[PDB]
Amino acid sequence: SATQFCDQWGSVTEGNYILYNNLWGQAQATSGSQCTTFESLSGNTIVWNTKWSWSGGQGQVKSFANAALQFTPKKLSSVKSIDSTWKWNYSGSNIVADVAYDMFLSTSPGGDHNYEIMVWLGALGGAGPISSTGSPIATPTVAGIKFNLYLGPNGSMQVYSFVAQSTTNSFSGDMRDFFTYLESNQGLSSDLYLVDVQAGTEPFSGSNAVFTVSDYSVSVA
């Protein structure tokens, strides 16, 4: 049943997901808060939302409330598919935020993250990715959608970010296409392990925002 939590590290586990509030970037805000709500789970499909207002810390992410799939890590070369379906909606005033998959690679199943791959379905109000130059390295079409592709370091990782050219609130596709692409056109090794697949939103600022995920699923086959 419905479970709503507002604390910085609030979470709940449902089927194969852990849903996180994950306010890691609170301290870069002058003002604001955020609560996340699990609604329901149906087969491998989760329905949830989060609500927030944030201000200050221009250009800093305040949080990344997301649903994370719980699975056993797999080398990319042994992955047949990562089918996902996602429908979302945003409302509220002066929104600066992204809506994104965040998928992480490592050299061993328990190892640190050396790569990060993001897939932005949504770039609202100026939200910008990690990038060394600020400009695309490429503009590939993957899983039927045209992307601007960015690359840059953050933490102790390299981050590739696929940012859709049109805001895209409905999506169904094989997330493996993004890896096929990188292995093929950017030298990414397929010997690496997929170790985290997370989907949510990263807000920078706004008031009375409501991010509504009316269905989300993913599976690693």
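Residue indices: 1-based, along the sequence shown.
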Entry B factor averaged over C-alpha atoms, 141-149 against 101-109: higher for 101-109
6-14 versus 195-203: which one carries the higher mean Cα B factor per the record? 6-14
Tell me, please, which of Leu41, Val61, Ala67, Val163 has the highest C-alpha B factor according to the deposited entry? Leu41
Candidate set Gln34, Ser184, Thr167, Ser172 [ranked by C-alpha B-factor, highest]: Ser184
Within this chain's modelled residues, let me know which third the CA B factor of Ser217 belongs to: lowest, middle or highest. lowest
Which third of the chain holds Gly122 when residues are ordered by C-alpha B factor: lowest, middle or highest? lowest
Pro129: CA B-factor among chain residues, third -> lowest
Can you work out whether the C-alpha temperature factor of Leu188 puts it in the lowest, middle or highest third of the chain? highest
In terms of its chain's C-alpha B-factors, the third that includes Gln26 is the middle
